[PDB]
Protein chains: 4
Amino acid sequence: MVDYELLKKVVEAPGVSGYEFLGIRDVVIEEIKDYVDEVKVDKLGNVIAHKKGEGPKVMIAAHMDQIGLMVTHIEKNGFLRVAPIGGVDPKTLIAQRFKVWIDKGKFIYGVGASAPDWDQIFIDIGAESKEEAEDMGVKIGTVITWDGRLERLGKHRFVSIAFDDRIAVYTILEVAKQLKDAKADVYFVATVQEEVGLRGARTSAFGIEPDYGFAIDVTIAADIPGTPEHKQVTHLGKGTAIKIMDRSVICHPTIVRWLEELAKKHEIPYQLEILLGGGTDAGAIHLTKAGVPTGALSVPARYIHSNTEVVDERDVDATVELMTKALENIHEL
Amino acid sequence: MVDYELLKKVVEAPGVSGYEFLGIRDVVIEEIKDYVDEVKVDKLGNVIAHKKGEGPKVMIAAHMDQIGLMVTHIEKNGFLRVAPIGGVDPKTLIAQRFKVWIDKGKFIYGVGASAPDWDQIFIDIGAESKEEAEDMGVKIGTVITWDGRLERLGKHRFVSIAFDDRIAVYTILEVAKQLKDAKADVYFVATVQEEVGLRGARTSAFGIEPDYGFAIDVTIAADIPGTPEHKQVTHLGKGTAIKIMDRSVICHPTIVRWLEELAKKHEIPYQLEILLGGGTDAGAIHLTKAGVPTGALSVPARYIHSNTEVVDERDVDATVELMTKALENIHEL
Amino acid sequence: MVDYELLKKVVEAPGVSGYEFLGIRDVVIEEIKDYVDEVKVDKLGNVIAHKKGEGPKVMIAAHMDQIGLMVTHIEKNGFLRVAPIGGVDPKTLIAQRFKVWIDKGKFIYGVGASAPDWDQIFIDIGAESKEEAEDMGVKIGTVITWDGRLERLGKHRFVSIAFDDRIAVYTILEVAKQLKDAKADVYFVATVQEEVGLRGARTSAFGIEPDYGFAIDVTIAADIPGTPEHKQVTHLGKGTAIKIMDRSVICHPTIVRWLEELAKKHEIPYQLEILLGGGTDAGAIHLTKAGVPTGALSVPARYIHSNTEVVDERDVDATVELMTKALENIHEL
Amino acid sequence: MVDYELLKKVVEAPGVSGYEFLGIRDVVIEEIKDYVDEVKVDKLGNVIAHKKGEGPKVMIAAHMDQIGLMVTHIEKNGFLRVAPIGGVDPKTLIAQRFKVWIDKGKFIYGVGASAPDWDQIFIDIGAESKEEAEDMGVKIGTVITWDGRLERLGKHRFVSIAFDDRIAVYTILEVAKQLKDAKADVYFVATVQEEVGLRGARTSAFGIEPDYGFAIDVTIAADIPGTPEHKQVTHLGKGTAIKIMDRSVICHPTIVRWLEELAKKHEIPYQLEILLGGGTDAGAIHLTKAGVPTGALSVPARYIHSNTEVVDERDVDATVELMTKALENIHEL
Ligand SMILES: [As]
Ligand SMILES: [As]
Ligand SMILES: [As]
Ligand SMILES: [As]
Ligand SMILES: [Zn+2]
Ligand SMILES: [Zn+2]
Ligand SMILES: [Zn+2]
Ligand SMILES: [Zn+2]
Ligand SMILES: [Zn+2]
Ligand SMILES: [Zn+2]
Ligand SMILES: [Zn+2]
Ligand SMILES: [Zn+2]
């Protein structure tokens with residue numbers, strides 16, 4: 001149901017917050033350029049792909065940064081100390097393998113070690129001294145990501161690093177490929193630094209000044225053992241999630257019901273989403289200048305913020321389909 | 001290595017957040033006006049000093065507000081109750097002397113008393129009743145700062161109140177004096193209300209709309225007894241600190257390595273800085289309008305947010321030197 | 001320094017306790033058969049490789065079983081519940097990828113999830129129901145291992161799943177290849193079920209009735225950050241570890257000093273090992289029948305019992321060299 | 001479905017660990033002798049019943065010892081202090097009636113009293129002094145069992161003392177009665193001291209030196225209120241339990257699947273069993289000499305180690321049937 005090869009390209013490219021230029025940026029440009037009229041990279045690094053249109057100016061954002069680690073200190077015996085880039089949980093770093101980025105397109109392996117908190121965490125790269133670690137290419141500021149790869153789980157699911165929000169990057173790339181003569185002036189934006197404060201969404205939206213804003217991200221799917229039914233949020237395979245509200249935004253009620261009606265009419269599976277504590281690029285877009293009516297579609301995902309995030313292709317397909325239909329009909333809104 | 005008299009003038013002028021006009025504002029205007037083309041004070045009180053230039057528009061910000069206290073209630077027996085202005089720790093108020101500002105350029109002494117939290121803290125000014133305290137010039141809203149003075153510690157260090165961020169104010173005043181025919185349109189800004197939310201940096205940056213932004217502040221130097229080596233952050237005397245990231249900003253990687261290369265070329269001592277939880281004016285500047293590439297240089301400082309902050313003149317000199325070199329070469333960036 | 005390809009073959013073959021026949025058994029037989037006179041597999045599954053000799057009967061054992069998990073229940077929504085095979089720590093299962101063995105040479109992926117203990121742990125294989133999980137080939141008793149691969153760390157180190165005790169299996173395979181006309185009747189034994197009670201070592205030793213016994217295993221290398229010097233046990237790269245005693249055995253003092261003297265004479269790096277709480281096959285071998293004088297050589301290893309165990313090739317080489325020298329000179333003991 | 005009278009005879013005969021000769025031993029000999037060729041009692045007290053056969057030597061063991069108490073001290077006022085024989089839980093001794101064995105076939109009643117642990121537990125036998133208690137026949141070393149009797153619970157269940165492992169003793173007696181011209185040399189063994197360390201199974205297996213070993217015991221049935229589905233282990237009435245592994249043994253996988261296939265072919269209800277922490281005679285048998293391939297069939301039982309253990313006759317019948325079929329077909333294995 002999804003273009004596996006394309007998905008693999010987007011989830012495995014390195015791109016931690018602030019350092020998206022190290023890999024994901026180029027993948028996005030290369031995969032979207034032939035489907036739009038112009039592609040630009042702004043000051044903070046956001047990739048803005050414009051598909052000239054016949055109607056309302058619409059911004060569709062998916063963040064391309066992923067969570068990761070940054071080297072803060074190199075111990076005398078060569079071990080590395082780190083600080084999180086984004087919301088990283090120490091429990092997900094123990095006895096894990098990492099890709100320590102020493103240069104663009106070049107990494108060395110590392111092992112995370114020693115319920116822990118940051119002061120007990122360290123990375124082992126096989127060095128015997130600080131000098132050897134430095135000779136290997138490591139320094140203060142070196143970025144690190146988990147060593148994770150995309151794999152299939154059963155008939156319709158997948159496991160991978162950075163499904164948040166790379167599955168959304170995949171989604172807008174697919175939407176850009178499907179969109180044909182839409183009555184709208186579309187700006188597809190792969191935003192930077194969402195994981196540290198919705199920073200890229202804020203600056204790109206200011207420059208674009210859209211009439212409507214849409215964000216695509218992942219939402220919690222806690223449909224797992226031991227979770228009370230009312231706390232599952234969303235279920236894998238039950239459809240794209242239309243956001244009603246999260247801690248950063250209350251989606252425009254008119255857009256929310258409009259999307260729901262579109263899903264019903266085109267027979268696209270969907271589910272309604274409410275989060276008590278979360279954040280999305282929509283949270284920045286809607287507060288741009290004099291205000292922007294916004295909506296958000298999410299891909300349900302289990303185990304968010306780890307090297308083993310899980311999604312269902314049926315929800316991914318529903319998201320691509322609903323966003324495409326929204327763009328084709330937004331001129332009537 | 002530093003102009004002691006000038007430093008004394010800037011650290012001892014009163015200027016708590018929101019009330020910078022009571023003292024520090026005028027010191028800044030008087031000390032910088034002869035080195036720039038025009039000096040303005042905007043709506044929130046930011047001092048903007050423009051040195052007309054031949055190149056990129058660059059904003060350099062140092063906040064002039066300091067942390068302090070505000071009187072919230074006067075007890076029946078004349079004692080004062082207070083609320084913090086900025087991040088003040090109760091442990092730093094016990095058995096301390098204070099300057100209770102009753103008017104511009106006029107203060108009376110006070111003694112802080114009674115591990116405490118705010119509900120146990122009170123200030124004694126020698127009054128016997130609420131009426132006597134009011135007759136002495138105190139009222140709800142009266143601002144208070146520690147009674148601290150600048151003094152030398154050994155060969156290269158100093159102790160003082162408000163080194164954060166007055167040492168940065170000193171730094172930009174020194175940079176303005178050294179800058180000669182720079183290929184850049186420079187805006188030196190002494191910002192207000194940084195300690196309560198980077199408020200002045202936000203509004204001044206919006207009005208200036210710079211091409212590049214640089215903030216100068218202090219960074220944690222925890223190179224003291226009992227601190228694990230990997231948690232010291234920076235070391236006094238080891239150089240100006242080039243920020244890679246803190247909780248409010250991920251400095252543009254191109255600017256970060258550019259500054260590092262400049263330091264190497266001109267033989268200026270420097271160290272790389274990463275903070276897990278902090279905030280700087282750069283955090284506001286870079287998110288201005290469509291975005292602004294930014295960098296930050298910091299002066300390592302021990303015991304931040306107290307009446308006994310400590311810095312090393314060698315780091316201060318390195319900061320002045322690196323910022324000056326950056327401004328002289330930014331046109332090539 | 002090590003035969004990387006051979007090591008990769010031994011660490012990546014599946015073989016949890018009791019189920020060594022699923023993979024590792026055949027790798028061992030295939031890689032050792034051409035270097036010995038006869039190869040047999042006994043009742044519990046131990047592989048016994050006999051190199052007919054001219055002297056004392058010597059048994060050299062390395063266990064081929066690795067720790068893992070076994071499916072105990074399949075939940076209504078397709079999730080799997082597990083029980084440990086060997087000493088598995090729940091902290092090493094969270095947000096990890098696994099290979100769920102549905103048949104010999106056939107696996108499907110799984111994700112471990114939800115400080116935890118066994119009642120909170122579960123594996124997600126992408127199934128939507130118990131029936132779908134069963135159709136995928138899973139049942140009560142299905143065995144599972146981490147999805148780990150051998151990789152290099154720096155100049156001399158490696159990271160891998162099951163270095164305990166696969167690095168010892170590699171070692172005896174290398175010793176069997178090097179041993180030439182030794183004055184001893186040698187029995188190389190790849191034992192089963194060491195992780196659950198030194199079970200295979202017990203039964204194979206009874207049948208062999210050796211004059212001398214030697215076990216090769218891994219020992220704790222806690223030469224990592226935060227560990228007091230006296231608690232590091234061994235250091236990576238400092239040599240093969242000659243065991244003095246652990247909780248299961250006090251090595252024969254004559255053999256211990258004999259090995260130390262051999263290491264000194266042949267210039268083989270070594271270190272002395274004492275463990276307060278551990279267990280090795282020697283613990284079973286020495287208590288066989290009327291008793292067997294035994295010794296043990298260990299490969300220092302960090303992060304034991306995880307998917308990211310780390311060893312140093314210099315220690316592996318020293319172990320192969322010392323065991324080879326011991327076999328060539330044991331006739332003089 | 002079961003021979004009620006025979007079951008009553010086996011569960012009510014006294015026979016705590018080490019003292020099986022006081023009652024159960026003779027019941028076993030009397031009930032099995034006419035179905036075998038020879039019956040012997042070895043040194044530790046194991047009853048070995050040999051049914052001469054035409055094939056593989058097979059040992060089938062069921063332990064005849066039950067948990068109980070032993071008098072450790074007689075207080076000045078006649079109360080008795082005790083120590084457990086086997087894994088006894090103090091909570092099962094409070095406000096309970098006991099049979100204090102003063103001689104073979106002679107007992108007096110006692111009452112257990114005063115969440116408790118051993119130092120608070122005592123038995124009241126109606127004595128007024130230590131001298132009177134001694135005159136009643138009690139001394140240090142006197143053994144005690146609960147005063148429990150076999151009774152029916154509903155249509156298919158029963159409640160009784162010592163179903164562990166007397167229900168297995170009943171099972172082998174029934175198998176011995178059904179076995180006819182089996183192609184195997186069968187040794188039925190009622191083992192001693194299983195509850196204190198699988199001691200009798202170890203010594204009898206050494207003497208028999210079987211080709212195959214099978215143990216019959218009870219397994220946990222926690223299919224009761226408040227137990228999570230994945231922690232129930234087995235369910236009453238769902239069939240004989242084929243053990244995959246417990247803490248003392250990993251059953252030979254070939255035998256496990258062979259038994260499962262036999263159950264399927266003969267339409268005998270069965271369920272697969274995995275225990276995280278338990279122990280069975282198989283744990284000793286399989287490690288005998290050079291090793292013995294073993295399997296174990298268990299009768300699901302609720303409330304194990306109490307005076308109110310509960311089993312289902314349908315599971316007992318399935319166990320007798322599967323063990324009989326295994327013996328008749330083992331020659332093909
Ligand atoms: As998010
Ligand atoms: As600050
Ligand atoms: As071990
Ligand atoms: As038992
Ligand atoms: Zn996201
Ligand atoms: Zn996220
Ligand atoms: Zn500051
Ligand atoms: Zn501050
Ligand atoms: Zn081992
Ligand atoms: Zn182990
Ligand atoms: Zn039992
Ligand atoms: Zn028992």
Side-chain angles (χ1 to χ4, degrees), chain A residues 17 61-67 86-87 162-169 191 193-196 198 201 215-220 246 248 275 278-283 296 298-299 301 304-305 309, chain C residues 17 62-63 65-67 86-87 162-165 167-168 191 194-198 201 215-220 243 246-248 275 277-283 296 298-299 301 304-305 309, chain D residues 17 61-67 86-87 162-169 191 193-196 198 201 215-220 246 248 275 278-283 296 298-299 301 304-305 309:
Chain A
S17 306
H63 74 87
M64 61 175 176
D65 61 311
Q66 69 188 296
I67 60 179
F163 265 148
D164 169 15
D165 193 28
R166 298 293 169 78
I167 191 67
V169 173
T191 59
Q193 303 184 45
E194 181 272 2
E195 299 285 2
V196 293
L198 320 180
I216 297 185
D217 206 316
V218 293
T219 184
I220 296 173
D246 63 40
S248 71
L275 293 179
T280 172
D281 279 336
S298 298
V299 175
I304 293 174
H305 283 190
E309 302 181 338
Chain C
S17 306
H63 74 87
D65 61 311
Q66 69 188 296
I67 60 179
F163 265 148
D164 169 15
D165 193 28
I167 191 67
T191 59
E194 181 272 2
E195 299 285 2
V196 293
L198 320 180
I216 297 185
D217 206 316
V218 293
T219 184
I220 296 173
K243 183 167 299 191
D246 63 40
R247 193 58 64 178
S248 71
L275 293 179
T280 172
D281 279 336
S298 298
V299 175
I304 293 174
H305 283 190
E309 302 181 338
Chain D
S17 306
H63 74 87
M64 61 175 176
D65 61 311
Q66 69 188 296
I67 60 179
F163 265 148
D164 169 15
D165 193 28
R166 298 293 169 78
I167 191 67
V169 173
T191 59
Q193 303 184 45
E194 181 272 2
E195 299 285 2
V196 293
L198 320 180
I216 297 185
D217 206 316
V218 293
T219 184
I220 296 173
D246 63 40
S248 71
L275 293 179
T280 172
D281 279 336
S298 298
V299 175
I304 293 174
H305 283 190
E309 302 181 338

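Both counts, for ligands and for their atoms, begin at 1 and track the order of listing. Numbers restart at 1 for each chain; the letters A, B, ... are given by sequence-line order, proteins then strands.
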Metal environment of the Zn ion (ligand 11), protein N/O/S under 2.8 Å
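Checking every protein N, O and S atom gives D/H63 NE2, D/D164 OD1, D/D217 OD1, D/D217 OD2.
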Closest non-hydrogen atom pair, C/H63 against C/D165
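That closest heavy-atom pairing would be NE2-CB, 2.7 Å.
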Closest non-hydrogen atom pair, D/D246 against D/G278
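Scanning both residues, the minimum pair turns out to be OD1-O, 4.2 Å.
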Pairwise side-chain contact, [X] with [Y], heavy-atom cut-off 4.5 Å (strictly under):
| X | Y | value |
| --- | --- | --- |
| D/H305 | D/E195 | yes |
| C/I167 | C/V218 | yes |
| A/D164 | A/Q66 | no |

Residues that A/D281 engages under side chain to side chain donor-acceptor pair (under 3.5 Å), provided they are two or more places apart
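A/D281 satisfies side chain to side chain donor-acceptor pair (under 3.5 Å) with A/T191 only.
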